[PDB]
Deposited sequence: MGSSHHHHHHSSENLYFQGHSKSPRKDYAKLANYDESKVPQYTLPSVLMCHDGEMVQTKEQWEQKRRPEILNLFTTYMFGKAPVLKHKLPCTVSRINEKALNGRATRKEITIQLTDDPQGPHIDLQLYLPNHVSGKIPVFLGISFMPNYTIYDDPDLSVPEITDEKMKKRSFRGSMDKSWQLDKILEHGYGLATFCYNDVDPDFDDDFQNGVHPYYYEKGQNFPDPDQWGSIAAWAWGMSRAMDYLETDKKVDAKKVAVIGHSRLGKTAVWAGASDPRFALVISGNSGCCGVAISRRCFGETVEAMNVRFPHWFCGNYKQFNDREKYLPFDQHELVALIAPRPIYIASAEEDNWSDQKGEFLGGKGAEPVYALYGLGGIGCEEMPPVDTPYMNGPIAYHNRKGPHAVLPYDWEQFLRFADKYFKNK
């Protein structure tokens, strides 16, 4: 079945919908204080997303082993320190691990704020760093990481390849991390248990377990960032792991920050049928049934509150539903207001190349294609400066 021919790109044809009320508890009590949000409502909304969309991840009692496998304090011609960190994902030392690559700027005062990116490609793609070689070449993804801009801001960048945690293909979860956490008599995750995206976002929490033990890293200023499917991951990492200080959604779109009820471009059915491994088994009940979601994506952004989040759209990325991305941001504003924080700063989706970033929810829709571009990183750094300086 082709989902591209079924996509609506006509704003006039978007159906009627009502967002589920972010401030009304299941039992009817209206949240009017941050105390009511923190102690009652937020727990209900986290449980819905964990059970019905992303799936439960293993809850570890103790950290998994990490070893620093190589440091170069003089990387990039002395400008940076590069560390390679191996992060076990199981209590078997021959089981899957993350190869974490961390760049810290040399000669800045104070602990270093770090962007924890998750990447489509191996760590050697992040920068033409001559101390690395490639057995899809060295520095190939420089453009979507902008290491030089990050260093110039006094910030670090830690990345790993998501294929370390779970290969991005539908194999009935017999590769990657999943089979290590099955019970005896279990060949498959329960309907409420992690798919690929929850595994990747859990990966980012194992990366954070390392980063908070790093002397030069400010563990209170670790941002999470990803593009597209790794944008959906970064928002879930941010929502599920409140240690992260700032969330960057790069074109996260459908089942990221975009309102599902709009059914614009990609839909829940297009997503779950083309990528059956991404979300938990339970999520497949919402195929063609966005009406019956017990949440929408504005409540996922609400889980970030009061921490900042940057929503980035691309003007050509109609599949992502740029307007629905903005509206996922807008729908979270009532929760930020509990903390006496303002909103995006406008009522209508703003024009192209016009960032709003003076509130705790930042948004821009930029010219050109589905990507992370230098222009995006310009805006993310400017936003991050407001919190990290």
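Judged by missing C-alpha atoms, the gaps in the deposited chain sequence fall at residues 1 to 25, 161 to 170, 425 to 426, listed in sequence order.
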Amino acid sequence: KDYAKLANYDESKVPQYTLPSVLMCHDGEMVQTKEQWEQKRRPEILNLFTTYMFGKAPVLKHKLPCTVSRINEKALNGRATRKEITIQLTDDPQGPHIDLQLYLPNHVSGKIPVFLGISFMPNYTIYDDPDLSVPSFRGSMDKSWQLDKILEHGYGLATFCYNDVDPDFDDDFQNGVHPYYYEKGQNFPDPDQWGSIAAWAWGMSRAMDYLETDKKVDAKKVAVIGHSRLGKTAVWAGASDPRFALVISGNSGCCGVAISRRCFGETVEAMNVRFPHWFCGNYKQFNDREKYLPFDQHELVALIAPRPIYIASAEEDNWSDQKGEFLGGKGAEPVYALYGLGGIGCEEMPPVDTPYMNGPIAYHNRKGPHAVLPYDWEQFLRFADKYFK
From here on, numbers count along this sequence of modelled residues.
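When the two stretches 371 to 379 and 9 to 17 are set side by side, the higher mean Cα temperature factor goes to 371 to 379. Mean CA temperature factor is higher for 347 to 355 when stretches 42 to 50 and 347 to 355 are set side by side in the entry. Of the candidates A258, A198, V222, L132, the deposited coordinates give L132 the top C-alpha B factor.
Take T233, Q193, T159, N77 and read off each C-alpha B-factor from the entry; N77 has the highest. In the deposited entry, the Cα temperature factor of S313 sits in the middle third of values across the chain's modelled residues.
Ranked against the other modelled residues of its chain, the C-alpha B-factor of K323 as given in the entry falls in the lowest third. In this PDB entry, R206 carries a Cα temperature factor that places it within the middle third of its chain's modelled residues. Placement of the Cα temperature factor of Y124 within the chain: middle third of the modelled residues, per the deposited record.
In the deposited entry, the Cα temperature factor of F286 sits in the bottom third of values across the chain's modelled residues.
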